[PDB]
């Protein structure tokens, strides 16, 4: 049976200015996905679990103690709990934003009453779901959560992220069940800079990212194809970095190709016990630059899910990251759950199945395959 998780206290992460219309990562996002799964009957066919807030201890598997105190507590307990006096002056952190609200940098918001609780709830939800899949309690699942995580570095918050939920889920799986091999696939359009960092030296976790890279001119700017890992982790960080811009913009045929020639042969060789997916939906059409630029169809994500379900005995869990256009994220989310339930998938266009991938995608896929041919039997 297939699990879902969702909680309305994540709807309170909102800017103090009062109008969410100044901010792309908005409460409406998870809210609309949720009703789409309800009215299409997909939700009623899933186990809906009670999520919780993550502990500071759990958060500290990935993030510094300082960072966890800062972004994980309300003002009163922040001071009470910081007995080590790790934090400096809050005046050094908070900025005012153009919209009139309080920020942490030039565009990441902070609600001193609600953001800490919502962020820990995002991590806690994903953890619970993941642990249910790893222990045989469920087959698979989808985490409908916010704020997002994959940009959240050890002690630095960016791109509307504060705590890398997926990275935390992974560490706990290692620490508390000793899961020997985990795959993290990240298909959000942006590189998952945080996740890469959290496992760069760790060969028990394979991080595979499909993103728009463009000579590092696209947010966050990280994730180049030769960033292959360090130490024992060499080979176990794979950046399927697309380049050459929108000439043309990348689509279903380019991604399906990437999956066939790059992602799945490495995934299969690696042979993991649990697949985790940073499931962002900004690669779907309707996401103008810098938000996206690509022209994938929400349907395609159903098919990508189904390829990954073939790995790890079916032990797969997906967790929301980016995605903005409501129709786009709602269509894509429906596709993913639908695949996860074992349903027959809404078909792809005949033109798309027959299309050869554009030149820039082939140039991009070649670079990767030459770089990683050193580390994997399947590409040599």
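Residue numbers count along the first chain shown, from 1.
In this entry, 241-249 has the higher mean Cα B-factor, the comparison being between 241-249 and 195-203. For the pair 365-373 and 5-13, the mean Cα B-factor is higher in 365-373. Going by the entry's values, 290 shows the largest Cα B-factor out of 235, 280, 290, 147. Among 122, 228, 129, 182, the highest C-alpha B-factor in the deposited entry belongs to 228. When all modelled residues of the chain are sorted by CA temperature factor, residue 165 is found within the lowest third. In the PDB entry, a CA B factor belonging to the middle third of its chain's modelled residues is recorded for residue 176. Among the modelled residues of its chain, residue 348 has a C-alpha B-factor that falls in the highest third according to the deposited record. Residue 94: CA B factor lies in the highest third for its chain, per the PDB record. When the CA B factors of the chain's modelled residues are split into thirds, the value for residue 190 lands in the lowest one.
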